[PDB]
$ cat protein15.cif   # mmCIF, C-alpha atoms
data_final
#
loop_
_atom_site.label_atom_id
_atom_site.label_comp_id
_atom_site.auth_asym_id
_atom_site.auth_seq_id
_atom_site.Cartn_x
_atom_site.Cartn_y
_atom_site.Cartn_z
CA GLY P 1 80.20 118.55 65.23
CA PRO P 2 83.86 119.36 65.82
CA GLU P 3 85.57 118.41 69.08
CA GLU P 4 87.05 121.13 71.31
CA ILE P 5 90.29 121.02 73.30
CA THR P 6 88.85 123.82 75.43
CA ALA P 7 89.39 123.79 79.18
CA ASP P 8 85.66 124.15 79.92
CA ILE P 9 84.53 120.66 80.96
CA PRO P 10 81.04 119.95 82.36
CA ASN P 11 81.06 118.63 85.93
CA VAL P 12 84.62 119.14 87.19
CA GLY P 13 85.89 120.88 90.33
CA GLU P 14 88.50 123.56 90.86
CA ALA P 15 91.00 120.91 91.99
CA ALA P 16 90.68 119.24 88.58
CA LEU P 17 91.13 122.41 86.50
CA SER P 18 94.02 123.62 88.68
CA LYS P 19 96.73 121.60 86.92
CA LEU P 20 95.49 122.84 83.51
CA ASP P 21 96.33 126.19 81.93
CA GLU P 22 93.83 128.53 80.29
CA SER P 23 94.11 126.52 77.06
CA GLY P 24 93.31 123.10 78.55
CA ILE P 25 96.76 121.44 78.44
CA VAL P 26 98.57 120.36 81.59
CA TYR P 27 101.60 122.46 82.49
CA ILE P 28 105.06 121.09 81.84
CA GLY P 29 106.51 119.54 84.96
CA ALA P 30 103.27 118.99 86.87
CA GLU P 31 103.40 115.67 88.73
CA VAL P 32 100.29 113.59 88.07
CA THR P 33 98.61 110.42 89.32
CA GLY P 34 95.65 108.25 88.32
CA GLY P 35 92.58 110.22 87.31
CA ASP P 36 94.33 113.50 86.51
CA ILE P 37 93.30 115.22 83.27
CA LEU P 38 96.18 115.58 80.84
CA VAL P 39 94.22 117.21 77.99
CA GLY P 40 90.69 118.59 78.24
CA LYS P 41 88.54 117.43 75.32
CA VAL P 42 84.79 117.63 74.68
CA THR P 43 82.70 116.21 71.83
CA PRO P 44 79.17 117.18 70.70
CA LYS P 45 76.33 114.80 71.44
CA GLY P 46 73.01 116.62 71.11
CA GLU P 47 69.52 116.23 72.61
CA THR P 48 70.48 114.05 75.56
CA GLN P 49 66.90 112.70 75.90
CA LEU P 50 66.71 112.46 79.66
CA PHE O 1 120.69 89.10 138.50
CA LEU O 2 123.67 91.42 138.03
CA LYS O 3 122.92 94.31 135.52
CA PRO O 4 125.29 95.80 132.94
CA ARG O 5 126.54 99.32 132.33
CA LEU O 6 128.52 101.01 129.61
CA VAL O 7 132.29 101.38 129.59
CA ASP O 8 134.97 103.01 127.44
CA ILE O 9 133.44 104.29 124.21
CA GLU O 10 136.31 104.42 121.73
CA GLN O 11 135.96 106.77 118.78
CA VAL O 12 138.13 105.82 115.82
CA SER O 13 136.97 107.92 112.88
CA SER O 14 134.41 110.68 112.47
CA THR O 15 132.38 107.89 110.84
CA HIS O 16 132.42 104.90 113.16
CA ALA O 17 133.42 103.84 116.67
CA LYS O 18 133.52 100.78 118.93
CA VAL O 19 131.26 101.03 121.97
CA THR O 20 131.60 98.44 124.72
CA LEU O 21 129.43 97.03 127.53
CA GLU O 22 131.44 95.34 130.29
CA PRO O 23 128.92 93.46 132.81
CA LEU O 24 127.13 90.69 130.90
CA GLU O 25 126.10 87.39 132.51
CA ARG O 26 125.97 83.98 130.81
CA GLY O 27 124.70 84.23 127.23
CA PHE O 28 123.28 87.75 127.66
CA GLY O 29 125.94 89.15 125.33
CA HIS O 30 124.13 87.60 122.37
CA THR O 31 120.62 88.37 123.68
CA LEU O 32 121.53 92.08 123.66
CA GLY O 33 123.87 92.42 120.68
CA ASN O 34 121.34 91.08 118.23
CA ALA O 35 118.41 92.89 119.86
CA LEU O 36 120.54 96.05 119.84
CA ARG O 37 121.73 95.54 116.27
CA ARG O 38 118.07 95.38 115.28
CA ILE O 39 117.00 98.74 116.71
CA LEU O 40 120.29 100.41 115.83
CA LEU O 41 120.09 99.57 112.12
CA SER O 42 116.39 100.28 111.73
CA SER O 43 114.52 102.84 113.84
CA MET O 44 116.70 105.88 114.58
CA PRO O 45 116.33 109.67 114.34
CA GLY O 46 117.72 111.24 111.19
CA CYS O 47 117.50 114.41 109.12
CA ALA O 48 117.62 113.90 105.34
CA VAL O 49 116.92 116.48 102.64
CA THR O 50 113.34 116.24 101.40
CA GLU O 51 111.92 119.07 99.24
CA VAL O 52 114.26 120.85 96.79
CA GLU O 53 113.20 123.86 94.67
CA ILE O 54 115.92 124.82 92.17
CA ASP O 55 116.69 127.83 89.95
CA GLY O 56 114.97 127.40 86.59
CA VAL O 57 114.06 123.73 86.81
CA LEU O 58 110.48 122.62 86.19
CA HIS O 59 111.09 118.92 86.85
CA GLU O 60 113.87 116.51 87.76
CA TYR O 61 114.16 115.30 84.14
CA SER O 62 115.47 118.47 82.51
CA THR O 63 118.98 119.91 82.27
CA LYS O 64 120.01 123.32 83.53
CA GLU O 65 122.22 125.02 80.97
CA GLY O 66 125.69 125.41 82.45
CA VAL O 67 125.99 122.32 84.71
CA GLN O 68 127.13 118.87 83.57
CA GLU O 69 125.07 116.91 86.15
CA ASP O 70 121.54 115.99 85.15
CA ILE O 71 118.96 117.33 87.61
CA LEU O 72 117.98 113.79 88.57
CA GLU O 73 121.58 113.05 89.57
CA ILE O 74 121.83 116.25 91.62
CA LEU O 75 118.75 115.24 93.60
CA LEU O 76 120.37 111.84 94.20
CA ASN O 77 123.55 113.55 95.42
CA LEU O 78 121.46 115.48 97.94
CA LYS O 79 120.00 112.24 99.33
CA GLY O 80 123.56 111.44 100.42
CA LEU O 81 124.32 114.79 102.08
CA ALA O 82 124.77 114.34 105.82
CA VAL O 83 123.86 117.25 108.12
CA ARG O 84 122.62 117.68 111.66
CA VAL O 85 120.26 120.08 113.40
CA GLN O 86 119.59 120.74 117.08
CA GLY O 87 116.35 122.63 117.78
CA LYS O 88 114.54 122.61 114.42
CA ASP O 89 112.42 119.89 112.84
CA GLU O 90 112.69 121.55 109.43
CA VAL O 91 115.26 124.09 108.22
CA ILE O 92 115.46 125.55 104.69
CA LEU O 93 119.04 126.15 103.52
CA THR O 94 119.78 128.64 100.71
CA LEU O 95 122.64 127.53 98.43
CA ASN O 96 124.26 130.01 96.03
CA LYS O 97 127.50 129.76 94.03
CA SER O 98 128.89 130.39 90.55
CA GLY O 99 132.12 130.23 88.62
CA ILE O 100 134.01 127.28 87.17
CA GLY O 101 134.67 124.66 89.82
CA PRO O 102 133.15 122.11 92.18
CA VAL O 103 130.23 123.27 94.28
CA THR O 104 130.66 121.47 97.60
CA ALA O 105 128.50 121.35 100.73
CA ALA O 106 130.38 124.18 102.43
CA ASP O 107 129.15 126.84 99.99
CA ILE O 108 125.67 126.89 101.58
CA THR O 109 124.33 129.44 104.08
CA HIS O 110 125.15 128.47 107.67
CA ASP O 111 122.34 128.36 110.24
CA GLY O 112 122.37 128.18 114.03
CA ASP O 113 121.74 124.43 114.05
CA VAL O 114 123.50 123.63 110.76
CA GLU O 115 126.60 121.44 111.06
CA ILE O 116 127.95 120.07 107.78
CA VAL O 117 129.90 116.94 108.68
CA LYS O 118 131.27 116.58 105.13
CA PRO O 119 131.98 120.04 103.68
CA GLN O 120 133.74 118.35 100.75
CA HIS O 121 130.66 116.35 99.68
CA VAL O 122 130.14 117.13 95.99
CA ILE O 123 126.71 118.43 94.99
CA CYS O 124 127.67 119.09 91.33
CA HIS O 125 130.23 120.88 89.19
CA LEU O 126 130.02 124.22 87.35
CA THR O 127 131.18 124.43 83.73
CA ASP O 128 130.92 128.15 82.87
CA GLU O 129 132.40 131.38 84.25
CA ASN O 130 129.06 133.16 84.73
CA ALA O 131 126.37 130.60 85.51
CA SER O 132 124.39 130.84 88.74
CA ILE O 133 122.24 128.28 90.56
CA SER O 134 120.00 129.18 93.51
CA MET O 135 118.25 126.42 95.45
CA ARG O 136 115.95 126.15 98.45
CA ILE O 137 116.87 122.85 100.13
CA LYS O 138 114.16 121.88 102.62
CA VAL O 139 115.55 119.37 105.12
CA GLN O 140 113.28 117.84 107.73
CA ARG O 141 113.75 115.21 110.42
CA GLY O 142 112.05 111.88 110.92
CA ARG O 143 112.39 108.12 111.12
CA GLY O 144 112.72 105.25 108.66
CA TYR O 145 112.48 105.21 104.87
CA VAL O 146 109.87 107.44 103.25
CA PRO O 147 110.10 107.18 99.45
CA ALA O 148 109.15 110.14 97.29
CA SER O 149 106.16 108.16 96.05
CA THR O 150 104.36 107.86 99.38
CA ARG O 151 104.85 111.60 99.88
CA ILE O 152 102.55 112.71 97.05
CA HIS O 153 99.34 111.69 98.80
CA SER O 154 99.05 114.62 101.18
CA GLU O 155 99.89 116.92 98.24
CA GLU O 156 97.11 119.41 99.15
CA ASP O 157 98.14 121.92 96.50
CA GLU O 158 101.88 121.41 96.26
CA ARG O 159 101.41 123.58 93.11
CA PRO O 160 105.06 124.79 93.34
CA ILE O 161 105.93 123.00 90.11
CA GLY O 162 109.61 123.61 90.85
CA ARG O 163 109.48 121.89 94.24
CA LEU O 164 110.97 118.53 93.30
CA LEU O 165 110.60 115.88 96.01
CA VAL O 166 113.23 113.27 96.78
CA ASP O 167 113.13 110.07 98.80
CA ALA O 168 113.54 110.34 102.54
CA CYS O 169 116.79 108.60 103.48
CA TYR O 170 116.39 109.17 107.22
CA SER O 171 118.98 107.16 109.18
CA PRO O 172 122.44 107.71 110.71
CA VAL O 173 123.39 104.05 110.90
CA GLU O 174 125.24 102.23 108.13
CA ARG O 175 126.65 98.95 109.50
CA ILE O 176 126.23 97.52 113.01
CA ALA O 177 128.20 94.50 114.22
CA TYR O 178 128.40 92.98 117.70
CA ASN O 179 131.05 90.58 119.02
CA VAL O 180 130.90 88.97 122.46
CA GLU O 181 134.33 88.25 123.93
CA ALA O 182 134.67 86.69 127.36
CA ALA O 183 135.28 89.48 129.88
CA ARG O 184 137.00 88.35 133.07
CA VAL O 185 136.15 90.55 136.02
CA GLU O 186 138.63 89.89 138.80
CA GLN O 187 136.17 87.78 140.81
CA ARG O 188 133.29 85.91 139.15
CA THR O 189 132.83 82.44 137.70
CA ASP O 190 132.50 83.33 134.02
CA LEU O 191 131.23 86.63 132.59
CA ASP O 192 131.06 88.08 129.09
CA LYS O 193 131.61 91.43 127.36
CA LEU O 194 129.82 93.19 124.51
CA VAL O 195 131.83 94.76 121.69
CA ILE O 196 129.41 96.67 119.46
CA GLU O 197 131.26 97.98 116.40
CA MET O 198 128.92 100.35 114.58
CA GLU O 199 129.27 102.58 111.52
CA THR O 200 127.69 105.98 110.89
CA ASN O 201 127.64 109.02 108.60
CA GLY O 202 128.59 111.21 111.56
CA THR O 203 125.19 112.76 112.27
CA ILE O 204 124.66 111.00 115.62
CA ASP O 205 127.04 110.42 118.53
CA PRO O 206 127.47 106.83 119.80
CA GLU O 207 126.35 107.32 123.43
CA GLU O 208 123.21 109.24 122.46
CA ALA O 209 122.19 106.58 119.90
CA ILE O 210 122.80 103.43 121.97
CA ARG O 211 120.82 105.05 124.79
CA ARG O 212 117.75 105.86 122.70
CA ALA O 213 117.93 102.33 121.28
CA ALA O 214 117.45 100.67 124.68
CA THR O 215 114.86 103.35 125.46
CA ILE O 216 112.53 102.16 122.71
CA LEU O 217 113.47 98.58 123.60
CA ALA O 218 112.19 98.75 127.16
CA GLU O 219 109.35 101.02 126.04
CA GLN O 220 107.73 98.25 124.03
CA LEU O 221 108.04 95.84 126.93
CA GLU O 222 105.69 98.12 128.86
CA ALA O 223 102.42 96.45 127.86
CA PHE O 224 104.19 93.07 128.05
CA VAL O 225 104.88 93.63 131.76
CA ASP O 226 101.20 93.28 132.62
CA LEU O 227 98.33 91.99 130.48
CA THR V 1 109.75 110.68 116.02
CA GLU V 2 106.94 109.26 118.16
CA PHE V 3 106.92 105.50 118.54
CA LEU V 4 103.98 103.18 117.92
CA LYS V 5 102.84 101.14 120.98
CA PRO V 6 100.83 97.89 120.88
CA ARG V 7 97.11 97.33 121.50
CA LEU V 8 94.73 94.36 121.95
CA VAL V 9 96.25 91.29 123.53
CA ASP V 10 93.72 88.45 123.59
CA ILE V 11 95.05 85.71 125.88
CA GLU V 12 93.68 82.33 124.83
CA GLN V 13 94.11 79.84 127.65
CA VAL V 14 94.93 76.25 126.72
CA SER V 15 93.93 74.60 130.03
CA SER V 16 96.18 75.59 132.95
CA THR V 17 99.71 74.86 131.70
CA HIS V 18 100.19 76.72 128.44
CA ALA V 19 98.58 79.41 126.27
CA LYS V 20 98.94 81.46 123.08
CA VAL V 21 99.12 85.24 123.69
CA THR V 22 98.96 87.69 120.75
CA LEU V 23 100.01 91.32 120.13
CA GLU V 24 98.63 93.15 117.06
CA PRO V 25 100.45 96.54 116.61
CA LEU V 26 104.18 95.84 116.33
CA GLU V 27 106.15 97.92 113.85
CA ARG V 28 108.74 96.74 111.35
CA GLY V 29 110.94 93.94 112.63
CA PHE V 30 109.87 94.38 116.25
CA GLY V 31 108.07 91.01 116.25
CA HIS V 32 111.42 89.23 116.06
CA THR V 33 113.24 91.78 118.20
CA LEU V 34 110.79 91.04 120.99
CA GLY V 35 109.96 87.40 120.29
CA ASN V 36 113.61 86.38 120.02
CA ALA V 37 114.85 88.40 122.98
CA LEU V 38 112.12 86.79 125.09
CA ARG V 39 112.66 83.26 123.79
CA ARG V 40 116.32 83.54 124.75
CA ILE V 41 115.78 84.55 128.38
CA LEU V 42 112.80 82.25 128.91
CA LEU V 43 114.68 79.10 127.93
CA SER V 44 117.85 80.06 129.73
CA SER V 45 117.79 82.33 132.80
CA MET V 46 114.67 81.90 134.96
CA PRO V 47 114.04 81.15 138.65
CA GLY V 48 113.34 77.49 139.29
CA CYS V 49 113.60 74.72 141.84
CA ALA V 50 114.55 71.44 140.12
CA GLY U 1 88.79 113.79 60.23
CA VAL U 2 91.23 114.73 63.01
CA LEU U 3 91.40 118.48 63.59
CA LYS U 4 94.18 118.56 66.20
CA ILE U 5 96.27 116.20 68.33
CA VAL U 6 97.86 116.82 71.74
CA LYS U 7 100.57 114.37 72.81
CA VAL U 8 101.61 114.43 76.50
CA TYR U 9 104.84 112.74 77.68
CA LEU U 10 104.86 111.25 81.19
CA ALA U 11 108.09 110.01 82.79
CA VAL U 12 107.31 107.36 85.41
CA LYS U 13 110.03 106.20 87.81
CA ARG U 14 109.50 102.61 89.01
CA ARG U 15 111.93 101.00 91.42
CA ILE U 16 111.44 97.32 92.25
CA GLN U 17 108.58 95.37 93.80
CA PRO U 18 107.52 91.73 94.29
CA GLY U 19 106.59 90.24 90.94
CA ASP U 20 109.48 91.57 88.85
CA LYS U 21 111.57 89.10 86.88
CA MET U 22 115.27 88.90 87.65
CA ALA U 23 117.96 86.61 86.31
CA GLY U 24 121.71 86.31 86.01
CA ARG U 25 123.52 85.75 82.77
CA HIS U 26 123.65 82.02 83.55
CA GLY U 27 120.00 81.19 82.97
CA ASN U 28 118.83 81.31 86.58
CA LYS U 29 115.55 83.17 86.60
CA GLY U 30 113.69 84.54 89.56
CA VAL U 31 110.82 86.68 90.72
CA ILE U 32 111.32 88.84 93.79
CA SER U 33 109.08 87.39 96.49
CA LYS U 34 109.41 89.54 99.62
CA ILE U 35 111.32 92.75 100.23
CA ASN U 36 113.04 91.99 103.51
CA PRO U 37 114.32 94.59 105.98
CA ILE U 38 118.07 95.00 106.40
CA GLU U 39 117.54 93.81 109.97
CA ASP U 40 116.58 90.27 108.93
CA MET U 41 119.33 89.92 106.34
CA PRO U 42 121.99 87.26 106.97
CA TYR U 43 125.25 89.00 107.84
CA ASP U 44 128.87 87.98 108.29
CA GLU U 45 131.17 88.59 111.27
CA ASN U 46 131.92 92.08 109.99
CA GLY U 47 128.22 92.91 110.31
CA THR U 48 127.55 93.61 106.62
CA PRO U 49 124.16 92.20 105.53
CA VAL U 50 123.59 90.56 102.15
#

$ encode --input "protein15.cif" --output "structure tokens"
Amino acid sequence: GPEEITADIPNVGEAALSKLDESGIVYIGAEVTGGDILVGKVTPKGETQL
Amino acid sequence: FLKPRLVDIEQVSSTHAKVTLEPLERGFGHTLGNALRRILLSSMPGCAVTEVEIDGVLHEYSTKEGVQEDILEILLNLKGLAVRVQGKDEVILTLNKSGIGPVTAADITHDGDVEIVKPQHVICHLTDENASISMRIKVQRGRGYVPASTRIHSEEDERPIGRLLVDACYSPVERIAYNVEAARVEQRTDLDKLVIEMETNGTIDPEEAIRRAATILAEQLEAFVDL
Amino acid sequence: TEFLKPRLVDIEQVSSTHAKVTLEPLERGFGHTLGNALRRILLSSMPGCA
Amino acid sequence: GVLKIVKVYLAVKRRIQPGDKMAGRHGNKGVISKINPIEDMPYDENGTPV
């Protein structure tokens, strides 16, 4: 399937999604460090088989 | 075991002065001057600008239309602005100005504890008739060198994207030198003097400083006294 | 502007004449500022009967 | 195959730390070893450290 740049990322807190806008791209001027999410991206992998 | 005391403290410029200590026994002039140079140059109270939120600026790397100084350079100029407070551990000064000409350090809003020791200190120029810059300059007080890097650990939602941090410059002292000349008191075998020539940005008075220096000095010897 | 104080001071005796004392929490440059100021006065001005 | 690309530009400011290479124009290399306090710097009679 196609990959989404959407800001909805499984398993991330409010502190993570703070620095991102509604669209999923970090705001201009936001100071970042190691681990911060610059661009939210999600790719389909189906039937996880747990 | 004759003890010293201070003596004439001669101010020369608003920047520096030569303090003097008259009653020093054999060799103690060196034992103090270096030990005093140490604490004078390093650990001292100072108030340096820390957090600066400017008009339209998102980050220190942009350029505000209408001023020929890059934002990064204006932050750097602030690191060199010398001020002094009295009863506040942080004061936020509001700077406003416009019109073609230099914007100096005297164009800010005066506060009860604000004393600008260099009103001529240049923050930046202004290149257009109508262009206006508003800035919240948050100055706090502390000790030592705190670089802007070690400050973004607390963070705790410093979301104000416009609040650009600078490096903490905290220190009055610039250059400290001590010279021991032989001081002849009318009756004694041989005694020495202490000429401490120090250098400062004007935000601390000589007698206050040299006192707090020896304060910390003896304060560490406390534990040493017993075991 | 509060000022860090030492702690722990294990005193290792080397017989009855000499010993090596130790002080852990000394801030920047204070190890010399103390150590040198004490070396000076120990070697020079002390009570003695010789 | 690529639907969209988001390029973020980070501006890092690095100062100096032990491990950096430094040299004069004369072929004398060096790597900063320790960052010494201004207190321990050799100074002249005027009191200006080096």

$ atom_distance --input "protein15.cif" --atom1 "atom CA of residue 113 of chain O" --atom2 "atom CA of residue 49 of chain O"
14.7 Å

$ closest_residue --input "protein15.cif" --among "O:97, O:175, O:59, O:143" --to "chain P" --atoms "all atoms listed in the file"
O:59

$ resolve_selection --input "protein15.cif" --expression "the PyMOL selection byres ((chain V) within 10 of (chain U))" --output "number ranges by chain"
V: 28-30, 32-33

$ interface_residues --input "protein15.cif" --of "chain O" --to "chain V" --cutoff "7 Å" --atoms "only C-alpha atoms" --output "mmCIF file with C-alpha atoms, in the frame of the given file"
data_model
loop_
_atom_site.group_PDB
_atom_site.id
_atom_site.type_symbol
_atom_site.label_atom_id
_atom_site.label_comp_id
_atom_site.auth_asym_id
_atom_site.auth_seq_id
_atom_site.Cartn_x
_atom_site.Cartn_y
_atom_site.Cartn_z
ATOM 1 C CA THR O 31 120.620 88.370 123.680
ATOM 2 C CA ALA O 35 118.410 92.890 119.860
ATOM 3 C CA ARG O 38 118.070 95.380 115.280
ATOM 4 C CA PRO O 45 116.330 109.670 114.340
ATOM 5 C CA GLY O 142 112.050 111.880 110.920
ATOM 6 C CA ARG O 143 112.390 108.120 111.120
ATOM 7 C CA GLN O 220 107.730 98.250 124.030
#

$ closest_atom_pairs --input "protein15.cif" --of "chain O" --to "chain P" --cutoff "9 Å" --atoms "only C-alpha atoms" --output "JSON lines"
{"residue": "O:57", "atom": "CA", "partner": "P:29", "partner_atom": "CA", "distance": 8.8}
{"residue": "O:58", "atom": "CA", "partner": "P:29", "partner_atom": "CA", "distance": 5.2}
{"residue": "O:59", "atom": "CA", "partner": "P:29", "partner_atom": "CA", "distance": 5.0}
{"residue": "O:60", "atom": "CA", "partner": "P:29", "partner_atom": "CA", "distance": 8.4}
{"residue": "O:61", "atom": "CA", "partner": "P:29", "partner_atom": "CA", "distance": 8.8}
{"residue": "O:152", "atom": "CA", "partner": "P:31", "partner_atom": "CA", "distance": 8.9}
{"residue": "O:157", "atom": "CA", "partner": "P:15", "partner_atom": "CA", "distance": 8.5}
{"residue": "O:159", "atom": "CA", "partner": "P:30", "partner_atom": "CA", "distance": 8.0}
{"residue": "O:160", "atom": "CA", "partner": "P:30", "partner_atom": "CA", "distance": 8.9}
{"residue": "O:161", "atom": "CA", "partner": "P:30", "partner_atom": "CA", "distance": 5.8}
{"residue": "O:162", "atom": "CA", "partner": "P:29", "partner_atom": "CA", "distance": 7.8}

$ closest_residue --input "protein15.cif" --among "O:118, O:79, O:125, O:37" --to "chain U" --atoms "only C-alpha atoms"
O:37

$ axis_aligned_box --input "protein15.cif" --around "segment 26-33 of chain P" --padding-each-side "8 Å" --output "lines of an AutoDock Vina configuration file"
center_x = 102.5
center_y = 116.4
center_z = 85.5
size_x = 23.9
size_y = 28.0
size_z = 23.7

$ atom_distance --input "protein15.cif" --atom1 "atom CA of residue 10 of chain U" --atom2 "atom CA of residue 35 of chain P"
13.8 Å

$ resolve_selection --input "protein15.cif" --expression "the PyMOL selection byres ((chain O and resi 12) around 12)" --output "PyMOL selection string"
chain O and resi 9-11+13-19+197-200+202+206

$ residues_around --input "protein15.cif" --residues "residue 104 of chain O" --least-positions-apart "2" --cutoff "10 Å" --atoms "all atoms listed in the file" --output "list in words"
residues 97, 101, 102, 106, 107, 108, 118, 119, 120, 121, 122, 123, 124 and 125 of chain O

$ residues_around --input "protein15.cif" --residues "residue 30 of chain O" --least-positions-apart "6" --cutoff "9 Å" --atoms "all atoms listed in the file" --output "list in words"
residues 178, 179, 180 and 194 of chain O

$ resolve_selection --input "protein15.cif" --expression "the PyMOL selection byres ((chain O and resi 22) around 10)" --output "PyMOL selection string"
chain O and resi 4-8+20-21+23-25+29+181-185+191-195

$ residues_near_point --input "protein15.cif" --point "(83.4, 117.0, 85.7)" --cutoff "12 Å" --atoms "only C-alpha atoms" --output "JSON, numbers by chain"
{"P": [7, 8, 9, 10, 11, 12, 13, 14, 15, 16, 17, 35, 36, 37, 40, 41, 42]}

$ write_last_selection --input "protein15.cif" --atoms "C-alpha atoms" --output "compact mmCIF listing (two decimals), in the frame of the given file"
# COMPACT_ATOMS: atom_id res chain seq x y z
CA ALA P 7 89.39 123.79 79.18
CA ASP P 8 85.66 124.15 79.92
CA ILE P 9 84.53 120.66 80.96
CA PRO P 10 81.04 119.95 82.36
CA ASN P 11 81.06 118.63 85.93
CA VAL P 12 84.62 119.14 87.19
CA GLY P 13 85.89 120.88 90.33
CA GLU P 14 88.50 123.56 90.86
CA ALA P 15 91.00 120.91 91.99
CA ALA P 16 90.68 119.24 88.58
CA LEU P 17 91.13 122.41 86.50
CA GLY P 35 92.58 110.22 87.31
CA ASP P 36 94.33 113.50 86.51
CA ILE P 37 93.30 115.22 83.27
CA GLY P 40 90.69 118.59 78.24
CA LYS P 41 88.54 117.43 75.32
CA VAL P 42 84.79 117.63 74.68

$ residues_near_point --input "protein15.cif" --point "(76.9, 119.1, 71.2)" --cutoff "9 Å" --atoms "all atoms listed in the file" --output "PyMOL selection string"
chain P and resi 1-3+42-47
